[PDB]
Every structure is written in structure tokens, then in C-alpha cells.
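Taking it in order: structure first as C-alpha cells, then the write-up.
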Amino acid sequence: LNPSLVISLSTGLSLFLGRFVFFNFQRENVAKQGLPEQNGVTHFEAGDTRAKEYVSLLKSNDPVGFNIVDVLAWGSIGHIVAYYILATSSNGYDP
Amino acid sequence: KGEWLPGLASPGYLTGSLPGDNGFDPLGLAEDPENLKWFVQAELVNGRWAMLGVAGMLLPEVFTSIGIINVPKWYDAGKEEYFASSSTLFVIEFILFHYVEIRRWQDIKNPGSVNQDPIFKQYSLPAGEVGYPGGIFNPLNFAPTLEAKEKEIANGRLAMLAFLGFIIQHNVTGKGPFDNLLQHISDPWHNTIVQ
Amino acid sequence: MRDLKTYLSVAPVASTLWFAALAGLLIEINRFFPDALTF
Amino acid sequence: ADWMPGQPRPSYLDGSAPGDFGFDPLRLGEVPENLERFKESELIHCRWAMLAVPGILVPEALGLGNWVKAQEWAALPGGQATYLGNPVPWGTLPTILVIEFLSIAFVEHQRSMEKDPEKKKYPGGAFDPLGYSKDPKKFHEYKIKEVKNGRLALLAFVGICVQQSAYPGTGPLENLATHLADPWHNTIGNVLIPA
Amino acid sequence: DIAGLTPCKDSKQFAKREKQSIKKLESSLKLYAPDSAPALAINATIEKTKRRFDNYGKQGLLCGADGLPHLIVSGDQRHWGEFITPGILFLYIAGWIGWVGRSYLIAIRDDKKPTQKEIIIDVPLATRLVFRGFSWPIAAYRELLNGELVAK
Ligand code: CLA
Ligand SMILES: CC(/C=C/C=C(C)/C=C/[C@@]12O[C@]1(C)C[C@@H](O)CC2(C)C)=C\C=C\C=C(C)\C=C\C=C(C)\C=C\[C@@]12O[C@]1(C)C[C@@H](O)CC2(C)C
Ligand SMILES: CC(/C=C/C=C(C)/C=C/[C@@]12O[C@]1(C)C[C@@H](O)CC2(C)C)=C\C=C\C=C(C)\C=C\C=C(C)\C=C\[C@@]12O[C@]1(C)C[C@@H](O)CC2(C)C
Ligand SMILES: CC1=C[C@H](O)CC(C)(C)[C@H]1/C=C/C(C)=C/C=C/C(C)=C/C=C/C=C(C)/C=C/C=C(C)/C=C/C1=C(C)C[C@H](O)CC1(C)C
Ligand SMILES: CC1=C(/C=C/C(C)=C/C=C/C(C)=C/C=C/C=C(C)/C=C/C=C(C)/C=C/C2=C(C)CCCC2(C)C)C(C)(C)CCC1
């Protein structure tokens, strides 16, 4: 198994899934349960200045709004699935 | 109606309406009317099975002793070999009773609700009393009179007692019920609970 | 006599008679069928 | 209630839904929004078992492989899937495993995005090319025929699974073969009653 | 066998224990004249010891390495006499006591001064309720089915 091929195919599919097939659902759910609140008010709104959502990072000119956080999130799942497949094939386990 | 104990006040829920009322409920099992309703059916069905079983236990032994047939003793007949495995028999006995008894059940819960054929939906039992389905279960059209019901219940109570005897007598004497009787007739004053 | 029968029914008196009868019963079952561990 | 004559049906089951024979003894569908989800979930279960039961029986009647033997070519390192005898030129384990996930997950997630409740269970359009759902009266007739065949298929799948559990390695058709050897000895009686 | 045990009827340490026990009593037995009351009494203990050990062996009791019977309460059908069976008997009697006890508190609960029949037993009333216990499973199940057993 070619590691680069396995890793980049896994990340490719995971990134593809997060952009074209699962994007609406993930966005819908984040809007549904939005920012964490303490007593009816977001951590930032309560004074946690260090809890400010980084709108600068969240900005993207991608058509659907796929941003840098989505790449990190779906790209992480790909690398995890890839290294599961690689390590699992590296052994000679017999069930 | 009758008195199982002359001069003893019958329970007040035993009012002379049920066939077989002799005032006998000294432990008060049946004071709640819904217990009474269920125990009536339970007495009918235990008494009807006892009558079939006691006849099936005693009478074949009598006819072997005479020599017109030769069949196993009732406590041996399970051992015998039959055209089908005994576990096969049990599964079909379970499935057939399961259907037939749930149907008897529905009629206790909801009288009349299960008198009609579910497949050939043109056939039906006529309306009647729970525990007495009639119609095709009474093909000779006997009148289900009070006297007949009282004889049915007396015979059922006697067979239930007799079955109790067959069971205890066998685990004490090893032999069979007609054997215990013949042995007792021999010299009665010495074989009577000396075991 | 009816006063005596009332006293004989008072909690302690009815208890000793009840438990005495109980103890006698359990003792005699144990004299007739001793050392029962099974059943 | 049709499923058990004489038994009162739940008040939220009036017989209008396809396959509403009044069966819900645990009252699972008392929460209306769960009832509707359960209607959708039942059809999905029905249509999968209706595809699987042919898939379990047809290849066993034909070339080697009961539904369990058809799966033992994977697991152990090697991979040589054979469809109709010819080893398919892609029947290695990781190849179809990814194809199955990608294809099934895509079409299953697409199913979940339908907001309309009647299209969640009866979508139509492309999946009704022959226009069988055009006639409203005929539409509901096929709705009942679907759920009844589907519940029968689910029931058969349980038998297949439970039979496999009792006679491991064997196939359901070999079970029928073994049954027809002597039906009065090769039954579920052996399973229910050991030896 | 079950739990690595062996039947007390085959157990060597079980047999040793009976032997050491009889030898203990015989050391006392030899102090007394054979007609004497102590000799008869010690001999009575000895026979009872012998009856007990044969009885445990014949009932199917399993023994451990210690030579003592160990009870199997798991449900196994060869050992229902060690828990299931005396347990059903306990629950039957315990429910009888409690059902009779509740019958009496209910019978007197609407009386004028109810605590008077709680410190002075109305024995006539009690002799009439004492046999309600025979059927407590049916009576208690019946009061349940028609709202009489628990209050709301
Ligand atoms: C009618 C009698 C009776 C009845 C039916 C119950 C029933 C109950 N009790 Mg109670 N209890 C009683 C008397 C009774 N109790 C007495 C007299 C006391 C004082 C010692 C207690 C102290 C007690 C405690 C501390 C606890 C219970 C608990 C319970 C529950 C669980 C079972 C239990 O732990 O038993 C336990 C039983 C006892 C500790 C002792 C009672 C046993 C006596 C001997 C029975 C009554 C005899 C009475 C004199 C009969 C006379 C009738 C005659 C005139 C005809 C259950 C509701 C438990 C509970 O709440 O769980 C939810 C709990 O924590 N009870
Ligand atoms: C079911 C019936 C027996 C049916 C047995 C049949 C099928 C046997 C069939 C077979 O034999 C064959 C044909 C062939 C054999 O080879 C095998 C078997 C399989 C064996 C017995 C019921 C037996 C029924 C028993 C005896 C019922 C007795 C209960 C009475 C005494 C209750 C008395 C009181 O309850 C009151 C009424 C009210 C309270 O106030 C007071 C008290 C005192 C509590
Ligand atoms: C039966 C089961 C559902 C049973 C649930 C019913 C009883 C619940 C009844 C009740 O809830 C009600 C209604 C109401 C409540 O008041 C009471 C209860 C009693 C609670 C679903 C099984 C559902 C089973 C279906 C989903 C399985 C589909 C399997 C397919 C994919 C298999 C494909 C393959 O078999 C091939 C074709 C070839 C092989 O070689 C390879 C593989 C892959 C194995
Ligand atoms: C419904 C129908 C309808 C149509 O229409 C018409 C018709 C046909 C008429 C009908 C039918 C009916 C029939 C089925 C009947 C049956 C009955 C019988 C079974 C009885 C038995 C009956 C039964 C009987 C009583 C029983 C009895 C028994 C006896 C006591 C016993 C005694 C004994 C003892 C213990 C022991 C010893 O050691 C011995 C002896 C001495 C021997
Ligand atoms: C713009 C654009 C584009 C481009 C883009 C791209 C090309 C992308 C890429 C991307 C990528 C390519 C990404 C990546 C990501 C990654 C990540 C994010 C990772 C992660 C990782 C991790 C998390 C890991 C972990 C671990 C470790 C460390 C160890 C071992 C184990 C594990 C695996 C767990 C396109 C053309 C399409 C279109 C148009 C526009």
C-alpha cells in the first residue's frame, strides 16, 4: 500500500464528503445548537473576552462557504481513516 | 343450594346460582367476584382434563388386565416408541394448544367475541355461556341443563380427586391404579396405607 | 374473666404465647427431621 | 383488532394506515411523531429483507454458497469474490468495502434530507417509473401488499438467522432438505428439546 | 463438577470429617458405663452424626476441598433443594404473614380508636383473618388488578 496514495485518497474523499454531500447537514446542526451559553448568554456576551468567535478565520470566498476550519475538520477525519487502513494492513492479523 | 357442611353458613358470594354450589369456599379463595368468574372456568377445564386423563389412565389398565388389549401402563407410555419423536409431538401439541387456548381465553375476557370461524367466516358458534361453547362442540345437541352441568362438575371434581390418588398411589406403590385396587381387594385389612 | 381475656390479648402476652407455640413447633420439627440443610 | 380477535385495538390505530391491524402491545406508537418515524423505518426494513431473502435463497439453489458461505471468501487474507462462478475483477475486500460505504452512505444521507413525511416513505417520481402510484385507490392497495410481503420477508429473515444459529454452517435450503428427510424427526423440536 | 467441587458421597475429606467426629465422641463415650445415661446420650449423638453424613451424601450435595457441603443456588436443577425450593417455601410463608398482617390493620383502620386493637389484639378477628394468608398470591394480585392494593 502506497502511504501517500492512501492518505491523499482518504483526505480527498473526506474533504469531498464535507463539501458536497454532508455540508448542508453539518451547517444546519451547528446553527441548531449554536454557541455555548451561560445563563442564557454566550460566554463572550457574559464577559469572557477570550471566547470571541474568530469571524476572520470563518470567512471564505468558497461558493458554499467551505472555510479553513472545515478543511481542518474533514481533513483530520481523512488522515485518521487513512492511518487506520495503513496500520491495519501493516499487521498480519487473522480472525 | 347444597351444604358441604350441614348447618354451616355458606359464604355470601355463593348464592345458589352456579351449578355445583354447595357452599364450599372455607378459605375464601373466591370472595372477589372476578376470582369467582375465573375459578369457575378453571374448575371446568381442570375437571374436563381430569375426566379425560383419569379415563385414559384407569380404563386401558382395566382392559389389559382382562386381556382384550395389551397397552403400556400410563406412567410407562411416555417411554414407548411412536411414529414421531416425542419432542416433535410436543412442538405440535404446543402450537395447537397455543391457538385453541388463546381462543378460549379471548372468550373469557370478552364473551362472544370469538364465536365465529376466522377462515370460513360463514360458520359460527351460537351465543351462549362462557365455558360452554355449544354448537359444533355439542354436535349431539344435548340440552346444557342445570342438572347436566351439575353432573359435569361432580364428575370433574371426582376425577380430579381420583387423579390426585393415581399420582400419590403410584409414587408409593410403584404399580398402577387398577393393580392397587385388586391388591386391596385381596385382603383389605392389611394393604391399606401400610406402605 | 372478660377483663382477664382482654389482658391475655395484650401485645406482650399474645407475643409470648405466639412465639412459644412457634418455638415448640420449630423444635419438634427439628427433633423429628434434624440436620436438614437441603429443603 | 384484526391481529388478535376480541382484543381492543389501541386508540391511535384505526386501521387506515397500510398494515394497521392494531398490533402494538407495548404502545410504542403512542407518541405520534414516533409512530410516523416507525412507519418509515418499517418500510425501510421491509424493502431490505425483501431484497435479501431472494439473495439468501437463490444462490443456494444454484451454485455453491449458502448466504454464510458466500461471505467466507473475505476476512482471511486473499480475496477472490466469485459472482456466478466468475471471480469478479474487483472482488477484493477493501475495494467493495469503500464502494459500499461511499455509495450507501451517499444515498442514505440523501434519503434523510427529505422533509415531507409521505415522501420519506413513499417518494415516487423516479422510483415509480411504471406509474403504479398514479391511481389513488390502487396506490393504497399496493401499500398494503408491500407491508405484508415485507413483514413476511422480515419474518423469513429471522427464521434464516435463527436456523443458522441452530445449525451453524448450513444454509436455509439445506435446512428444508434436512427437514424433508424425515419431517417427524428433523424439526425445531430437536432445538427446543435437546436429547 | 460444578465450581470444581465433587459430590460429598465421593469426597475423601467429607469421610475423614465424619470419622474424626465419631472418634471425638467415642473419646467421651469411653468414660461412662455402657448402660449409663451419658453413654446412651453420647451414642445418640453418634447415630445422629452418622445419619447426617449419609443423608448429605444421598441428597446430592457437592463438597469442596474442605470436605464440607457447598450450596449451588444458581438455578441448576440438581440443586433446587439448596435454595429455589426452600426459598419458594419462605416467600409463601412470609407473604402469608404480611398479607394477614395487612388484613388486620385494614380491618381495624376504620374502628373508633384504632390503636386500641394494635396494643390489645382482637384475637377473634385475628382467627378469622389468619387463613386469608393461604391465598395471598391470588388475593394480592386481585387487589392490584382493581386498584385496591396501592393508594394514589
Ligand atoms: C403488617 C405487617 C407489616 C407489613 C406487611 C410490612 C411491609 C413492609 N415493610 Mg414493614 N414493619 C413492620 C410490619 C410490617 N411491614 C413492623 C412491625 C416494623 C417494626 C419493626 C416494620 C419496619 C420496617 C422497616 C424498618 C422497613 C419496613 C419495610 C417494609 C416493606 C418491605 C419489606 C420489608 O422490609 O419487611 C421488613 C419487615 C420488618 C423489618 C419487620 C416486620 C415483621 C413483623 C414481624 C411483621 C408484622 C407482624 C404483626 C404483629 C402481625 C400481626 C397481625 C395479627 C394481629 C393478625 C413492606 C412495605 C422496608 C421498606 O420500607 O421498604 C420499602 C423498611 O425499610 N418495615
Ligand atoms: C388436570 C387433571 C389431570 C389431567 C391428567 C390427564 C391429562 C393425564 C393424561 C395422561 O394419562 C394419559 C391419559 C396417558 C398417560 O400415559 C400419560 C398422561 C399424560 C399422564 C388433574 C387436576 C387435579 C385437580 C386437583 C385435584 C384440584 C384439587 C383442589 C381442591 C382440593 C381445592 C379444595 C379447596 O379449594 C377449594 C375448592 C376452596 C378452598 O376454600 C378450600 C380448598 C380446600 C383449598
Ligand atoms: C425482523 C426485525 C424486526 C422485528 C421487530 C418486530 C418483531 C417488533 C414487534 C414489536 O414492535 C412491535 C411491532 C410493537 C410492539 O408493541 C411490540 C413488539 C413485539 C416490540 C427486522 C430485521 C431486519 C432485517 C433486514 C434489515 C436485514 C437485511 C439484510 C440484507 C442486507 C442482507 C444481505 C445479505 O444476505 C445477502 C442478501 C447475501 C448474504 O450472503 C450476505 C448478506 C449481506 C448477509
Ligand atoms: C360435549 C359433547 C357434546 C356432544 O354433542 C354430546 C356428547 C358426545 C355426549 C358430549 C361428550 C361428553 C363426553 C366427552 C363425556 C366424557 C366424560 C368422561 C371422560 C367422564 C370421566 C369421568 C371420570 C370419573 C368420574 C373418574 C372417577 C375415578 C374413580 C373415582 C377412581 C377411583 C380409583 C381410585 C382413585 C384409586 C384406586 O386404586 C382405583 C379406583 C377405585 C378405580
Ligand atoms: C482551493 C481550491 C481547491 C484546492 C484545495 C485543496 C487541494 C485542498 C487540500 C486540502 C488538504 C490536503 C488538507 C489536508 C488536511 C489535513 C489535516 C487536517 C490532517 C490532520 C491530521 C491529523 C489529525 C493526524 C492525526 C494523527 C497523528 C498525528 C498520528 C497518527 C494518528 C493520527 C492519524 C490520528 C480545489 C482545487 C479542490 C477546488 C478549487 C478551490
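Readers should treat all values here as calculations from the given coordinates under stated rules, not as data from a laboratory. No Cβ is skipped: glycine too gets one built from the backbone with ideal geometry, and neighbour counts run over all protein chains shown.
Specify which of the listed residues (A:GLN26, A:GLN33) is closer than 24 Å to D:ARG111 by Cα and loosely packed, with under 12 Cβ neighbours inside 10 Å.
Answer to the check: A:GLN33.
Considering each residue of segment C:1-24, count those that are within 12 Å of chain E (Cβ to nearest Cβ) and either at positive phi or part of a helix (DSSP H, G or I) (or both), and give that number.
Residues meeting the conditions: 13.
Mind listing just one residue for me: the one in segment B:117-154 that is among the polar types (S, T, N, Q) and within 20 Å of the chain's Cα centre (by Cα) and, of those, surrounded by the most Cβ atoms within 10 Å (Cβ to Cβ)?
B:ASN138
Which one of B:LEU96, B:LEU140, B:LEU158 is in a loop (DSSP other than H, G, I, E, B) and either more than 16 Å from ligand 3 (Cβ to nearest atom) or aromatic (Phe, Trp, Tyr) (or both)?
When all the criteria are applied, what remains is B:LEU140.
Take the conditions surrounded by fewer than 16 Cβ atoms within 10 Å (Cβ to Cβ) and either within 26 Å of the chain's Cα centre (by Cα) or not acidic (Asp, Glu) (or both) and apply them to E:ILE72. Does it pass?
no
Hey, any hits in segment E:47-61 for a residue that's more than 30 Å from E:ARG142 (Cβ to Cβ), assigned to a helix (DSSP H, G or I), of a type in the set (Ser, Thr, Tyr) and more than 11 Å from chain C (Cβ to nearest Cβ)?
No, because not a single residue in segment E:47-61 is more than 30 Å from E:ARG142 (Cβ to Cβ), assigned to a helix (DSSP H, G or I), of a type in the set (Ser, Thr, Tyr) and more than 11 Å from chain C (Cβ to nearest Cβ).
Take the residues in segment D:66-111 that are β-branched (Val, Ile, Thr) and touching a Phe, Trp or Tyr at 6+ places or on another chain (Cβ under 9 Å); name whichever of them is surrounded by the fewest Cβ atoms within 10 Å (Cβ to Cβ).
Per the stated criteria, the residue is D:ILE99.
Name the one entry in D:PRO59, D:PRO123 that is without any contact (Cβ under 8 Å) to a residue 12 or more places away in the chain, more than 14 Å from chain A (Cβ to nearest Cβ), surrounded by 13 or more Cβ atoms within 10 Å (Cβ to Cβ) and not in a loop (DSSP other than H, G, I, E, B).
Of D:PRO59, D:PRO123, the one residue that is without any contact (Cβ under 8 Å) to a residue 12 or more places away in the chain, more than 14 Å from chain A (Cβ to nearest Cβ), surrounded by 13 or more Cβ atoms within 10 Å (Cβ to Cβ) and not in a loop (DSSP other than H, G, I, E, B) is D:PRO59.
Just wondering, is there one or more residues in segment D:27-40 that are touching a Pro at 6+ places or on another chain (Cβ under 7 Å) and within 14 Å of another protein chain (Cβ to nearest Cβ)?
No, segment D:27-40 contains no residue that is touching a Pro at 6+ places or on another chain (Cβ under 7 Å) and within 14 Å of another protein chain (Cβ to nearest Cβ).
Does B:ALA55 qualify as being more than 14 Å from chain D (Cβ to nearest Cβ) and either assigned to a helix (DSSP H, G or I) or within 16 Å of ligand 5 (Cβ to nearest atom) (or both)?
yes
Take segment B:56-86 and flag every residue that is within 14 Å of ligand 4 (Cβ to nearest atom) and more than 28 Å from D:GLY189 (Cβ to Cβ).
If the condition is that a residue be within 14 Å of ligand 4 (Cβ to nearest atom) and more than 28 Å from D:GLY189 (Cβ to Cβ), then B:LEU58, B:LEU59, B:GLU61, B:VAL62, B:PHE63, B:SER65 are the ones that fit.
Residues of segment E:126-145 being of a type in the set (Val, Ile, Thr) and more than 14 Å from chain C (Cβ to nearest Cβ), which ones?
Answer for segment E:126-145, where residues must be of a type in the set (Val, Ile, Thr) and more than 14 Å from chain C (Cβ to nearest Cβ): just E:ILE138.
Quick one: is D:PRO18 away from ligand 4 (no atom under 16 Å from the Cβ), under 19 Å from the mean Cα position of the chain (by Cα) and part of a loop (DSSP other than H, G, I, E, B)?
Criteria met by D:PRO18.
Any idea which residue in segment E:88-125 is farthest from C:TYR7 (Cα to Cα), counting only those that are facing chain C (nearest Cβ under 10 Å) and surrounded by fewer than 17 Cβ atoms within 10 Å (Cβ to Cβ)?
Checking each candidate, the answer is E:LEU89.
Collect the residues in segment B:115-134 that are in contact with an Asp or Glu (Cβ under 7 Å, 6 or more places away or on another chain) and free of Cβ contacts under 8 Å to residues at least 60 places away in the same chain, keeping them in residue-number order.
Hits for segment B:115-134 are B:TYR123, B:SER124.
When only residues in segment B:87-113 that are within 30 Å of D:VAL191 (Cα to Cα), surrounded by 12 or more Cβ atoms within 10 Å (Cβ to Cβ) and aliphatic (A, V, I, L, M) count, which is nearest to the other protein chains (Cβ to nearest Cβ)?
Top of the filtered list is B:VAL91.
What is the one condition in (1) surrounded by 12 or more Cβ atoms within 10 Å (Cβ to Cβ); (2) within 11 Å of ligand 5 (Cβ to nearest atom) that A:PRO63 does not satisfy?
So A:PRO63 meets the others, but not (1).
Pick from segment B:172-195 the residues that are away from ligand 4 (no atom under 11 Å from the Cβ) and among the small types (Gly, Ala, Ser): which of them is farthest from the other protein chains (Cβ to nearest Cβ)?
Checked segment B:172-195; the qualifying residue farthest from the other protein chains (Cβ to nearest Cβ) is B:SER186.
Tell me which residues, restricted to segment D:164-175, are surrounded by 12 or more Cβ atoms within 10 Å (Cβ to Cβ) and in a helix (DSSP H, G or I).
D:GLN164, D:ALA166, D:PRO172, D:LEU173, D:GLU174, D:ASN175
Restricting to segment A:74-85, name every residue that is loosely packed, with under 14 Cβ neighbours inside 10 Å and under 10 Å from the mean Cα position of the chain (by Cα).
Answer for segment A:74-85, where residues must be loosely packed, with under 14 Cβ neighbours inside 10 Å and under 10 Å from the mean Cα position of the chain (by Cα): just A:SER76.
Could you tell me which of the residues B:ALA162, B:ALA143, B:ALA148 is of a type in the set (A, V, I, L, M) and touching a residue at least 24 places away in the same chain (Cβ under 8 Å)?
Answer to the selection: B:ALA162.
Table: residues versus (1) among the acidic types (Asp, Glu); (2) more than 14 Å from chain B (Cβ to nearest Cβ); (3) surrounded by fewer than 17 Cβ atoms within 10 Å (Cβ to Cβ); (4) out of contact with any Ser or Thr (no Cβ under 7 Å at 6 or more places or on another chain).
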residue: D:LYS134; (1), (2), (3), (4): no, yes, yes, yes
residue: D:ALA153; (1), (2), (3), (4): no, yes, no, yes
residue: D:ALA156; (1), (2), (3), (4): no, yes, no, yes
residue: D:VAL162; (1), (2), (3), (4): no, yes, yes, yes
residue: D:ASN190; (1), (2), (3), (4): no, no, yes, no
